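The file data-v7.pdb comes next; it holds PDB, C-alpha atoms.
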```
ATOM      1  CA  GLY A   1      91.802 105.959  63.960  1.00  0.00           C
ATOM      2  CA  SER A   2      94.882 107.997  64.842  1.00  0.00           C
ATOM      3  CA  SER A   3      96.668 109.243  67.961  1.00  0.00           C
ATOM      4  CA  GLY A   4      95.623 112.358  69.854  1.00  0.00           C
ATOM      5  CA  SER A   5      95.798 112.081  73.636  1.00  0.00           C
ATOM      6  CA  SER A   6      93.298 114.711  74.780  1.00  0.00           C
ATOM      7  CA  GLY A   7      93.789 115.704  78.406  1.00  0.00           C
ATOM      8  CA  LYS A   8      95.299 112.728  80.214  1.00  0.00           C
ATOM      9  CA  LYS A   9      93.996 112.091  83.731  1.00  0.00           C
ATOM     10  CA  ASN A  10      93.547 109.030  85.945  1.00  0.00           C
ATOM     11  CA  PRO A  11      90.759 108.431  88.497  1.00  0.00           C
ATOM     12  CA  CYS A  12      93.439 107.366  90.976  1.00  0.00           C
ATOM     13  CA  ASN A  13      93.992 111.048  91.763  1.00  0.00           C
ATOM     14  CA  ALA A  14      90.676 112.414  90.497  1.00  0.00           C
ATOM     15  CA  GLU A  15      87.997 110.586  92.486  1.00  0.00           C
ATOM     16  CA  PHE A  16      89.750 107.556  93.974  1.00  0.00           C
ATOM     17  CA  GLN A  17      92.430 109.835  95.423  1.00  0.00           C
ATOM     18  CA  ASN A  18      91.106 109.014  98.893  1.00  0.00           C
ATOM     19  CA  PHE A  19      91.353 105.291  98.153  1.00  0.00           C
ATOM     20  CA  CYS A  20      95.010 104.290  97.857  1.00  0.00           C
ATOM     21  CA  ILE A  21      96.298 105.479 101.232  1.00  0.00           C
ATOM     22  CA  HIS A  22      99.744 103.875 101.087  1.00  0.00           C
ATOM     23  CA  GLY A  23     100.543 102.239  97.761  1.00  0.00           C
ATOM     24  CA  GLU A  24     100.902 102.613  94.000  1.00  0.00           C
ATOM     25  CA  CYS A  25      97.640 103.274  92.160  1.00  0.00           C
ATOM     26  CA  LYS A  26      97.082 102.028  88.608  1.00  0.00           C
ATOM     27  CA  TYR A  27      93.826 102.651  86.742  1.00  0.00           C
ATOM     28  CA  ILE A  28      92.903  99.703  84.524  1.00  0.00           C
ATOM     29  CA  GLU A  29      91.560 100.613  81.085  1.00  0.00           C
ATOM     30  CA  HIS A  30      90.878  97.208  79.528  1.00  0.00           C
ATOM     31  CA  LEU A  31      88.800  96.688  82.672  1.00  0.00           C
ATOM     32  CA  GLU A  32      87.902 100.323  83.341  1.00  0.00           C
ATOM     33  CA  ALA A  33      88.561  99.681  87.032  1.00  0.00           C
ATOM     34  CA  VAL A  34      90.858 101.454  89.492  1.00  0.00           C
ATOM     35  CA  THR A  35      93.094  99.481  91.852  1.00  0.00           C
ATOM     36  CA  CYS A  36      95.537 100.183  94.680  1.00  0.00           C
ATOM     37  CA  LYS A  37      98.786  98.213  94.872  1.00  0.00           C
ATOM     38  CA  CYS A  38     100.022  97.534  98.405  1.00  0.00           C
ATOM     39  CA  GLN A  39     103.754  97.349  99.114  1.00  0.00           C
ATOM     40  CA  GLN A  40     105.371  94.539 101.103  1.00  0.00           C
ATOM     41  CA  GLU A  41     104.708  96.364 104.373  1.00  0.00           C
ATOM     42  CA  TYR A  42     101.133  97.247 103.427  1.00  0.00           C
ATOM     43  CA  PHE A  43      98.378  94.861 102.340  1.00  0.00           C
ATOM     44  CA  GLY A  44      94.694  94.568 101.489  1.00  0.00           C
ATOM     45  CA  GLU A  45      92.886  96.864  99.065  1.00  0.00           C
ATOM     46  CA  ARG A  46      93.486 100.444 100.202  1.00  0.00           C
ATOM     47  CA  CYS A  47      96.774  99.446 101.834  1.00  0.00           C
ATOM     48  CA  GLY A  48      96.302 101.683 104.860  1.00  0.00           C
ATOM     49  CA  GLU A  49      97.705  99.218 107.382  1.00  0.00           C
ATOM     50  CA  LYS A  50     101.380  98.232 107.406  1.00  0.00           C
TER      51      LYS A  50
END
```
Here is the file; what I need is its structure written in the form of structure tokens.
Amino acid sequence: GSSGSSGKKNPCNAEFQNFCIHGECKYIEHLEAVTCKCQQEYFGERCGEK
């Protein structure tokens, strides 16, 4: 239809806030799945270890 962003909010800071310890979080829409990017120092899924 048309635009109309109604209340924008990501699960990265709603429910999965306690997931991405140290890293950039990006909720995937096309896949409806949340992920946690780990920097060079960090690794894994949550990216808690560096």
Could you list the residues chosen by the PyMOL selection byres ((chain A and resi 1-17) around 10) in this structure as a list in words?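 This file gives the following for the PyMOL selection byres ((chain A and resi 1-17) around 10): residues 18, 19, 20, 21, 24, 25, 26, 27, 28, 29, 33, 34, 35 and 36 of chain A.
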Got a sec: who's within 8 Å of residue 23 (chain A), counting all atoms listed in the file, leaving out chain neighbours fewer than 6 positions off, as a PDB file with C-alpha atoms, keeping the file's coordinate frame?
```
ATOM      1  CA  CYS A  36      95.537 100.183  94.680  1.00  0.00           C
ATOM      2  CA  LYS A  37      98.786  98.213  94.872  1.00  0.00           C
ATOM      3  CA  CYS A  38     100.022  97.534  98.405  1.00  0.00           C
ATOM      4  CA  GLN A  39     103.754  97.349  99.114  1.00  0.00           C
ATOM      5  CA  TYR A  42     101.133  97.247 103.427  1.00  0.00           C
ATOM      6  CA  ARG A  46      93.486 100.444 100.202  1.00  0.00           C
ATOM      7  CA  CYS A  47      96.774  99.446 101.834  1.00  0.00           C
TER       8      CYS A  47
END
```
Could you give me the centre and size, in Å to one decimal, of an axis-aligned box around all listed atoms of region 9-15 of chain A with 3 Å added on every side, as AutoDock Vina command-line options?
```
--center_x 91.0 --center_y 109.9 --center_z 88.1 --size_x 12.0 --size_y 11.0 --size_z 14.8
```
Since fewer atoms than expected are present, regenerate N, CA and C atoms for region 15-34 of chain A and write them as an mmCIF file, in the frame of the given file.
```
data_model
loop_
_atom_site.group_PDB
_atom_site.id
_atom_site.type_symbol
_atom_site.label_atom_id
_atom_site.label_comp_id
_atom_site.auth_asym_id
_atom_site.auth_seq_id
_atom_site.Cartn_x
_atom_site.Cartn_y
_atom_site.Cartn_z
ATOM 1 N N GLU A 15 89.115 110.931 91.615
ATOM 2 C CA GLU A 15 87.997 110.586 92.486
ATOM 3 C C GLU A 15 88.412 109.536 93.513
ATOM 4 N N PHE A 16 89.275 108.617 93.094
ATOM 5 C CA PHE A 16 89.750 107.556 93.974
ATOM 6 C C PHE A 16 91.016 107.986 94.710
ATOM 7 N N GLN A 17 91.253 109.293 94.751
ATOM 8 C CA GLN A 17 92.430 109.835 95.423
ATOM 9 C C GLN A 17 92.432 109.462 96.901
ATOM 10 N N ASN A 18 91.242 109.362 97.483
ATOM 11 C CA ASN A 18 91.106 109.014 98.893
ATOM 12 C C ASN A 18 90.936 107.508 99.067
ATOM 13 N N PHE A 19 91.447 106.745 98.106
ATOM 14 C CA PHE A 19 91.353 105.291 98.153
ATOM 15 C C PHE A 19 92.699 104.670 98.516
ATOM 16 N N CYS A 20 93.677 104.834 97.632
ATOM 17 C CA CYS A 20 95.010 104.290 97.857
ATOM 18 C C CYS A 20 95.772 105.123 98.884
ATOM 19 N N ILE A 21 95.623 104.765 100.155
ATOM 20 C CA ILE A 21 96.298 105.479 101.232
ATOM 21 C C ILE A 21 97.813 105.357 101.109
ATOM 22 N N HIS A 22 98.312 104.128 101.193
ATOM 23 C CA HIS A 22 99.744 103.875 101.087
ATOM 24 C C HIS A 22 100.030 102.784 100.059
ATOM 25 N N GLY A 23 100.262 103.194 98.816
ATOM 26 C CA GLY A 23 100.543 102.239 97.761
ATOM 27 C C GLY A 23 100.459 102.859 96.380
ATOM 28 N N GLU A 24 100.925 102.126 95.373
ATOM 29 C CA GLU A 24 100.902 102.613 94.000
ATOM 30 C C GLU A 24 99.548 102.344 93.349
ATOM 31 N N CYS A 25 98.938 103.394 92.811
ATOM 32 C CA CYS A 25 97.640 103.274 92.160
ATOM 33 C C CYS A 25 97.799 103.148 90.647
ATOM 34 N N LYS A 26 97.029 102.246 90.049
ATOM 35 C CA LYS A 26 97.082 102.028 88.608
ATOM 36 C C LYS A 26 95.687 101.777 88.044
ATOM 37 N N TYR A 27 95.154 102.765 87.334
ATOM 38 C CA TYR A 27 93.826 102.651 86.742
ATOM 39 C C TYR A 27 93.843 101.699 85.549
ATOM 40 N N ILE A 28 92.990 100.682 85.601
ATOM 41 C CA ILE A 28 92.903 99.703 84.524
ATOM 42 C C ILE A 28 91.923 100.154 83.446
ATOM 43 N N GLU A 29 92.396 100.199 82.205
ATOM 44 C CA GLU A 29 91.560 100.613 81.085
ATOM 45 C C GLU A 29 90.778 99.428 80.522
ATOM 46 N N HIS A 30 91.502 98.402 80.088
ATOM 47 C CA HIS A 30 90.878 97.208 79.528
ATOM 48 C C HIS A 30 89.761 96.702 80.435
ATOM 49 N N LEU A 31 89.808 97.102 81.702
ATOM 50 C CA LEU A 31 88.800 96.688 82.672
ATOM 51 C C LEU A 31 88.068 97.897 83.245
ATOM 52 N N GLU A 32 88.517 99.090 82.866
ATOM 53 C CA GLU A 32 87.902 100.323 83.341
ATOM 54 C C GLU A 32 87.663 100.266 84.847
ATOM 55 N N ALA A 33 88.662 99.787 85.582
ATOM 56 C CA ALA A 33 88.561 99.681 87.032
ATOM 57 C C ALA A 33 89.848 100.143 87.706
ATOM 58 N N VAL A 34 89.706 100.943 88.759
ATOM 59 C CA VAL A 34 90.858 101.454 89.492
ATOM 60 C C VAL A 34 91.266 100.500 90.609
#
```
